[PDB]
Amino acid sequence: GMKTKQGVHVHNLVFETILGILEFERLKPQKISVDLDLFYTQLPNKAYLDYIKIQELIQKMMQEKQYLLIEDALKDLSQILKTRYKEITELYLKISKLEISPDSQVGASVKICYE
């Protein structure tokens, strides 16, 4: 009678990267903000989803791959994260462009439920 959902959270991860499908955006890196939640039900004893690796992988994939659409980044990153942590039962990833519009915050996300 007990359902336990563990999460690891990396929120407001901010760094600069080439990202975008419009030519003007790809001239120089721009500031983005990433939120990631990884959920699971059980790991091995003393095992953990290391937030250090997780943050470094997200930056590594974005900065090197220089994705076009945010949706392209979400597709690749989510598949990479699930392959690396097969135990996860749910993934939520949102990528926001902080400065692309002065009057709003825009972004795209993916929520994946694995059964």
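Don't overthink the numbering: it's just position in the shown sequence, from 1.
Visitor: Comparing 51 to 59 with 68 to 76, where is the mean C-alpha B-factor higher?
Guide: Per the PDB record, 51 to 59.
Visitor: Averaging the C-alpha B factors as listed in the entry, name the stretch that ends up higher: 103 to 111 or 88 to 96.
Guide: For C-alpha atoms only, the mean B-factor is higher in 103 to 111.
Visitor: Hey, what third does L43 fall into on Cα B-factor, ranked over its chain?
Guide: CA B-factor rank for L43: highest third.
Visitor: Please say which third, lowest, middle or highest, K28 falls into when its CA temperature factor is compared across its chain.
Guide: It belongs to the middle third of the chain when residues are ordered by C-alpha B-factor.
Visitor: Would you please rank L13 by its C-alpha temperature factor against the other modelled residues of its chain and give the third it falls in: lowest, middle or highest?
Guide: Middle third of the chain for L13's C-alpha B-factor.
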